[PDB]
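# A closer look at the structure
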Amino acid sequence: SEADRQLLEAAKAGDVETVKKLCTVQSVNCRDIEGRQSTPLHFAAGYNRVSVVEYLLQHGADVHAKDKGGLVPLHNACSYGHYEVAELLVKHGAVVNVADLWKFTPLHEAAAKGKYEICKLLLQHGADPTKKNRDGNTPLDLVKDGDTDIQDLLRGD
Amino acid sequence: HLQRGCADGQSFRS
């Protein structure tokens, strides 16, 4: 629907007033069919739209909703280094060990992208650094050579 | 994993 498209676009853009106008019980968890089925919350999380994330969560957005590839909004937040968004999602009950269709967790994303504080956040909430994805790789396995601090963090040594 | 694609979003608002 045109309405849902506009809502998804507003969430992506951080257009709070438009989100407020278009967010209904029926649209808050709509999906971007023409893309990868991201919800308004996936878009707000991935594009670091904090006010929109907060509003959507308050109005019944599903923190656990998976897109077409099995990503939840916490994956989007962690892959793009959005610490505050990640913390909002976790505080609202996001599962930190959630895995997409390829068994990538948010810790796989934060590790591969060199996001130390996000890795640390996830670990404090019980994220498992030993979880292998379908490639048999743990988050530690995906850390760039240069990020020795993240390596040490994930190893626990 | 090309089929996996990438999460909607980006790291820098700029």
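The deposited coordinates for this entry were obtained by X-ray crystallography, with a reported resolution of 1.700 Å.

## Quick word on the overall build of chain A
Within chain A one finds nine helices and zero strands. Moving toward the C terminus, one meets the helices and strands of chain A in the order α-α-α-α-α-α-α-α-α. The principal-axis extents of the C-alpha atoms in chain A amount to approximately 50 × 25 × 25 Å. Relative to its full complement of 157 residues, chain A shows a buried share of 48%.

## Some words on the environment of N97 of chain A
All names here are of chain A. Turning to its location among the elements, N97 is positioned in the loop between α6 (83-91) and α7 (106-112). Residue classification places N97 among the partly exposed residues on the basis of a relative accessible area of 26%. The sequence separation of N97 and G126 amounts to 29 residues, and the corresponding C-alpha distance is 7.9 Å. Polar side-chain contacts of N97 include one of 3.2 Å to the backbone oxygen of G126.

## Remarks on the packing of helix α4 (residues 50-58) of chain A against α6 of chain A
All names here are of chain A. Contact pair α4 / α6: the axes reach a minimum separation of 10 Å and the direction vectors enclose 10°. By the angle between their axes, α4 is roughly parallel relative to α6. For the pair α4 and α6, the contacting residues are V50, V53, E54 and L57 in the first and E84, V85, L88 and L89 in the second. The residue makeup of the contact of α4 with α6, split by class, is six nonpolar, no polar and two charged.

## Examining helix α1 (residues 2-13) of chain A
All names here are of chain A. Between its terminal C-alpha atoms α1 stretches 16 Å, which fits the 16 Å expected from 12 residues at 1.5 Å a residue. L7, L8, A10 and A11 are the residues of α1 that are buried. Projected onto a plane normal to the axis of α1, the buried residues spread over an arc of 160° and lie on a single side. The secondary structure elements touched by the buried residues of α1 are α2 (16-22), α3 (40-46) and α4. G14 sits one or two positions beyond α1 and adopts a positive phi of about 75°.

## Looking at the interface of chain B and chain A
The interface of chain B with chain A comprises 11 residues on the first partner and 18 residues on the second. Interface area for chain B against chain A, summed over the two sides, is near 1400 Å², with a carbon-plus-sulfur share of 47%. On the chain B side of the interface with chain A, the three residues burying the most area are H1, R4 and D8 of chain B, jointly 50% of the side's total. For the pair chain B and chain A, the interface holds two salt bridges. With a closest N to O distance of 2.8 Å, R4 of chain B and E109 of chain A form a salt bridge. The tally of links between chain B and chain A comes to 11 residue pairs in polar contact. Residues of the side of chain B that touches chain A, tallied by class, amount to two nonpolar, six polar and three charged.

## Some points on α4 of chain A
Given 3.6 residues per helical turn, the α-helix brings residues three or four places apart onto the same face. Residue and element names in this part refer to chain A. Buried within α4 are the following residues: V52, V53, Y55, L56 and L57. Each element contacted by the buried residues of α4 is listed here: α1, α2, α3 and α6. Residue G60 follows α4 closely and has a positive phi angle near 100°.

## Let's talk about the environment of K132 of chain A
Residue and element names in this part refer to chain A. With respect to the element layout, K132 can be found in the loop between α8 (116-124) and α9 (148-155). Spatially, the C-alpha atoms of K132 and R155 are 14 Å apart, while their sequence positions differ by 23 residues. Excluding its chain neighbours within four sequence positions, the residues that come into contact with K132 are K103, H108, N137 and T138.

About the thresholds
Residues numbered from 1 in each chain as written, not as in the entry; some residues may be left out. Chains lettered and ligands numbered in written order. Heavy atoms only, no water. Helix = DSSP H or I, 4+ residues; strand = E, 2+ residues; numbered from the N terminus. Buried < 20%, exposed > 50% of the residue type's maximum accessible area, 1.4 Å probe, protein only. Polar contact = N/O pair within 3.5 Å; in protein donor to acceptor, adjacent residues only side chain to side chain. Axes fitted to C-alpha atoms, helices over the stretch in contact; angles between N-to-C directions. Parallel < 35°, antiparallel > 145°, perpendicular 65-115°, else oblique. Contact = heavy atoms within 4.5 Å. Nonpolar A, V, L, I, M, F, W, Y, C, P; charged D, E, K, R; others polar. Expected span 1.5 Å × (residues − 1). Arc of directions from axis to C-beta. Buried area = accessible area lost by both parts, 1.4 Å probe. Salt bridge = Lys/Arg side-chain N within 4 Å of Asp/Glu carboxyl O.

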